[PDB]
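There is one chain below, alone, in structure tokens, taken in the form deposited in one PDB entry.
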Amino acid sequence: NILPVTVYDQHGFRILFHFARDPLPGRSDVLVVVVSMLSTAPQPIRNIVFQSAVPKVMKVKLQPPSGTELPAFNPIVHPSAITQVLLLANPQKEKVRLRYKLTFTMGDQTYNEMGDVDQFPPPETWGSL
């Protein structure tokens, strides 16, 4: 599942997961996930909180995001992008399932979103970067 997975796509707010692994070269237990976010929306999106959960055999860890908001889309310029790292410990090499909780505000509404991600690269190939 090497290619970038779209975790979220509504109201023109997209969140993708990008896959990698570290840090002992030797090991194949921790997956690095860079989660990138772009907006195409006409009104800006602010107060972004992305949470994640995993099954009891695994462990997830969310580093602070590069930011918390995105401007109204201005197609003329380079788009703004939020980027966040998350680390997924799974030494038992069990099946990979993740459940996110997305929170953001756009105009006067506040979206409280939840979804499942299952398209992870199989734990075997985590050593191979």
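Just so we're on the same page, rigid core means the largest C-alpha set that superposes within 1.5 Å between forms. The numbering used is simple: start at 1 and walk along the sequence shown.
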Between the two ranges 43-51 and 85-93, the one averaging a larger CA B factor in the entry = 85-93
Do the CA atoms of 27-35 or those of 68-76 have the higher mean B-factor in the entry?
-> 27-35
Top residue by Cα temperature factor, when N112, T105, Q119, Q10 are compared in the entry = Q119
Quick one: classify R14 as lowest, middle or highest third of the chain based on its Cα B-factor.
-> lowest
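The same protein also has a form deposited in another entry, omitted here; what follows describes it.
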CA of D118, rigid core aligned, shift of 2 Å or more between this form and the one not shown = no
Shorter or longer C-alpha distance for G26 and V32 in the other form, given it differs from this form by 3 Å or more?
-> closer
Cα of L86 vs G26, shift of 3 Å or more in the other form, relative to this form: the pair sits closer
